[PDB]
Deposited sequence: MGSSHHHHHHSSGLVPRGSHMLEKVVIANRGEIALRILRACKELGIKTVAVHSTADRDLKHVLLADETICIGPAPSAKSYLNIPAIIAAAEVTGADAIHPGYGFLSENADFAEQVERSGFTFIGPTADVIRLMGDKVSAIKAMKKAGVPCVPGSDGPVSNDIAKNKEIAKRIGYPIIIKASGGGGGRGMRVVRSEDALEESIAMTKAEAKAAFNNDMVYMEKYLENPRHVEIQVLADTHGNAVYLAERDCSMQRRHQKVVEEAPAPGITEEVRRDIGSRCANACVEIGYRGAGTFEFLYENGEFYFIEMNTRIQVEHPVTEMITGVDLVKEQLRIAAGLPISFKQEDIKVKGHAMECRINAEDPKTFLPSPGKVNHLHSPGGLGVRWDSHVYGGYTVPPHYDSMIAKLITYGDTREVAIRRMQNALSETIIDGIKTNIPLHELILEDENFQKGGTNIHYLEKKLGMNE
């Protein structure tokens, strides 16, 4: 089965994967850039290989170097984590062709859901609800396009398979002409469609697992609406307002979609959720940053399941075994200025991480560690669990109050502002809320 895994990532998720591997007795190979020799998981790994200099392009995105690392160590499998190459179908393809197991879906499935028109087509076919839209690429005939846009109803948004919002017919012809011409020079792909622009939605996403035994399960949902410039700040599970009846409906549709498309591994169906209706926007064909809140409310170890699935085993439980219990919250702690959001690299002179009942800390940072400039700014994920949403929130507030990260700036002050916001405490704020509140 899986005896040795290359962890083709860094930071916190690399450590999360290492922990899962070690629990399963799987040997680890940490591939790393020159700037990441001091990463906690590298220091804990069974074997280490330097795959390039600091810049991501030369290291964590270096496909030949990563595959060569699997070859020399006689590894069986490669775990891409999230970001980097995790949704690069060329990578997945090269990994399998080279005789290693890619811990993720097949390349064909990555490419399928990597294209928005084809992803949407497959979801429609599978019975997953989608944003009303052109359903297919848009013509050049502006007459047909004004007809379609009128059908859908303004405002619409033009999107390449990057986006442009149109609130009247007055503007439709140019808007389609530009998004098409600017999306064709950016990525030799002039294909664009239109769909309804939802002005007041939440971000609600369904976690799935699918195995090579033909099983697929849903693991409730997460609300990730608390965002700034499309970057998630706080996530929670379950999503406030979502009943078990609604959960079973949408969840079961996502599970069926997995089987229809030949899905394998962990994945997430993202929806815009508005006026009680779900509308599909994307499938992330990988583990995600915010997976821990789902773990806390379902009792599933999502990274362990990824490894078991990749080894050819069935998912370790059945749908009927999963029941949402309690509530969980996650704050993404970033090394950045809490007001300008400019990164804040440098030496963590002192770290004090919080603890106690219902507090989980997923972080590679340690006292004496230097946060490098070269990658993203996430340094920790603080996760709380409680019997109710109110308890999870209070526990997060207290845990943040205990957290000390000296020597660099963090966004802890932003989390504190969010957690004490009366609207957030009520729950169900939309994806625009944080930017509105920040001014």
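**Student:** What ranges of the deposited sequence, counted from 1, have no C-alpha atoms in this structure?
**Tutor:** No C-alpha for residues 1-20, 182-187, 466-468.
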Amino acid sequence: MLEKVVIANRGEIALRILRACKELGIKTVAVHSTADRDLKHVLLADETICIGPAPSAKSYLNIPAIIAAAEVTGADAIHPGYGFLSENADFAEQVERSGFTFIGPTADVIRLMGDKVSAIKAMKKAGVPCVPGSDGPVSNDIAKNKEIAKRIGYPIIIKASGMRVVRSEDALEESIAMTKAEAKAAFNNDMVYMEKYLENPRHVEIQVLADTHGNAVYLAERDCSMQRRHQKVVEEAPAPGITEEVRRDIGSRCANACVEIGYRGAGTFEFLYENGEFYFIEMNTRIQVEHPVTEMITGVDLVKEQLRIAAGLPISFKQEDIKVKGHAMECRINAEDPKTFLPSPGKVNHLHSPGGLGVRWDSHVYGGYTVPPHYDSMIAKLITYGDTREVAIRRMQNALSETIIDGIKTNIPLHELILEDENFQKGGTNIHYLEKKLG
From here on, numbers count along this sequence of modelled residues.
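By rigid core we mean the largest C-alpha set that fits within 1.5 Å across both forms.
**Student:** C-alpha RMS from this form in 8 other deposited structures of this protein, rigid core superposed: larger for 225-233 or 165-173?
**Tutor:** Clearly, after the core fit, the stretch farther away in 8 other deposited structures of this protein is 165-173.
**Student:** In a third or more of the other entries compared, is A149 missing its coordinates?
**Tutor:** Result for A149: never missing in the compared entries.
**Student:** Counting only other entries where the flanking residues are modelled, do a third or more lack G267?
**Tutor:** That residue is present in all of the other compared entries.
**Student:** Should the higher mean CA B-factor in the entry be assigned to 357-365 or to 176-184?
**Tutor:** Of 176-184 and 357-365, the stretch with the higher C-alpha B-factor average is 176-184.
**Student:** Per the entry, where is the mean C-alpha temperature factor higher: 419-427 or 12-20?
**Tutor:** Of 12-20 and 419-427, the stretch with the higher C-alpha B-factor average is 419-427.
**Student:** Among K124, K347, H352, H79, where is the Cα B factor highest in this entry?
**Tutor:** Highest C-alpha B-factor among the listed residues goes to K124.
**Student:** Which one, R202, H291, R229, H327, has the peak C-alpha temperature factor per the PDB entry?
**Tutor:** Going by the entry's C-alpha B-factors, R229 comes out highest.
**Student:** Based on the deposited C-alpha B factors for this chain, I'd like to know if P240 is in the lowest, middle or highest third.
**Tutor:** Within its chain, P240 is a middle-third residue by C-alpha B-factor, going by the deposited values.
**Student:** In terms of the chain's CA B-factor thirds, is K304 lowest, middle or highest?
**Tutor:** Bottom third by C-alpha B-factor.
**Student:** Using the temperature factors of the C-alpha atoms in this entry, rank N140 within its chain: lowest, middle or highest third.
**Tutor:** Highest third of the chain for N140's C-alpha B-factor.
**Student:** In terms of the CA temperature factor given in the entry, to which third of its chain does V5 belong: lowest, middle or highest?
**Tutor:** Its C-alpha B-factor belongs to the lowest third of this chain's values.
**Student:** If you rank the chain by CA B-factor, which third does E282 end up in: lowest, middle or highest?
**Tutor:** Answer is highest: the recorded C-alpha B-factor places it there.
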